[PDB]
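This report refers to the structure that appears directly beneath it.
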Amino acid sequence: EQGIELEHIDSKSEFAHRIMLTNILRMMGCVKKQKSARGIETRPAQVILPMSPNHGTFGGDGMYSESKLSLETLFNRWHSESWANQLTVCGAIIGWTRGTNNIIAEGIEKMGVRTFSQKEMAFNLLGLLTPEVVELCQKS
Amino acid sequence: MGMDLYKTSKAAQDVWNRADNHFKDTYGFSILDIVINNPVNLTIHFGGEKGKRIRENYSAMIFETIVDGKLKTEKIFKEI
């Protein structure tokens, strides 16, 4: 959603908020029910939340900010709540991946900034599953 | 086997409980789920803290062998 500013936030956004936040919450909120009914507590599911640095810093993306900003609150809970043994949060970042605004990427990269092909940002999030990090997620 | 008695004798389930609970916590693996439906294969997951604690517990057993008096310390679990 684009072109949606504060007086345009309506149905399409209130819908998108559910695709991104309250159902990613009820995905995790509902693999635990299955983790916990079997009794599985040694095989936790690493979550990979796609986050971003865009928190209302860009223009009118709609309610795309407080959607992906209200996902780092998923650390105030892995320590607070009871689902720590079955889910392990591993936040990530939508950096600047080209594909899905594509004509100014070459512009920014002149500021000493890297932008990623999708196959490149593929590599990064995919290295977020490396057997090394998997433990690292599994302490904190 | 006994899972009928286990439903009846308070003094009996106090045994299968004190057993699986112990196995549940020391090898991540309960008999009461074994006997009531024998599975074909059993994978043991080594999750977070409880998981690592259980996996080292798996690797902590040693199969010795008599070789000319040598109490030869060798590993129970080679794939671990």
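Chain labels A, B, ... are given in the sequence in which chains occur in the structure tokens; within each chain residues are numbered consecutively from 1, and ligands are likewise numbered from 1 in the order shown.
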
Near chain B, 9 Å: chain A residue rows, closest pairs, only C-alpha atoms, as a tab-separated table:
residue	atom	partner	partner_atom	distance
A:40	CA	B:45	CA	8.4
A:41	CA	B:47	CA	6.7
A:42	CA	B:47	CA	3.3
A:43	CA	B:47	CA	4.4
A:44	CA	B:47	CA	5.9
A:85	CA	B:48	CA	6.7
A:86	CA	B:47	CA	8.5
A:135	CA	B:48	CA	7.5
A:138	CA	B:48	CA	5.5
A:139	CA	B:48	CA	7.2

- Item | Pick from B:63, B:57, B:74, B:38 nearest to residue 25 in chain B, counting only C-alpha atoms | B:57

- Task: From the DSSP assignment of the backbone, select every residue of chain A that is alpha helix (DSSP H), and format the answer as a VMD selection string.
- Result: chain A and resid 11 to 17 24 to 28 32 to 38 65 to 68 105 to 108 118 to 127 131 to 139

- Message: Give me, as a list in words, all polymer residues having an atom no more than 8 Å from residue 89 in chain A, counting only C-alpha atoms and skipping those fewer than 3 positions away in the same chain.
- Response: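 The residues that qualify are residues 46, 47, 48, 49, 74, 75, 78 and 137 of chain A.
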
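Secondary structure from DSSP on the backbone puts strand (DSSP E or B) at the following positions of range 15-140 of chain A: residues 45, 46, 47, 61, 87, 88, 89, 97 and 116 of chain A.
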
Could those selected residues go to a file with C-alpha atoms, as a PDB file, in the first residue's frame?
ATOM      1  CA  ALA A  45      11.000 -22.989  15.975  1.00  0.00           C
ATOM      2  CA  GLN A  46      13.230 -20.067  15.099  1.00  0.00           C
ATOM      3  CA  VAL A  47      11.096 -17.210  13.876  1.00  0.00           C
ATOM      4  CA  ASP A  61       3.346   3.683   3.179  1.00  0.00           C
ATOM      5  CA  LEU A  87       9.837 -20.317  19.723  1.00  0.00           C
ATOM      6  CA  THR A  88      13.062 -18.421  19.348  1.00  0.00           C
ATOM      7  CA  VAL A  89      12.835 -14.981  17.805  1.00  0.00           C
ATOM      8  CA  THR A  97      16.360  -5.057  -1.796  1.00  0.00           C
ATOM      9  CA  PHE A 116      20.955  -5.730  -2.291  1.00  0.00           C
TER      10      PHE A 116
END
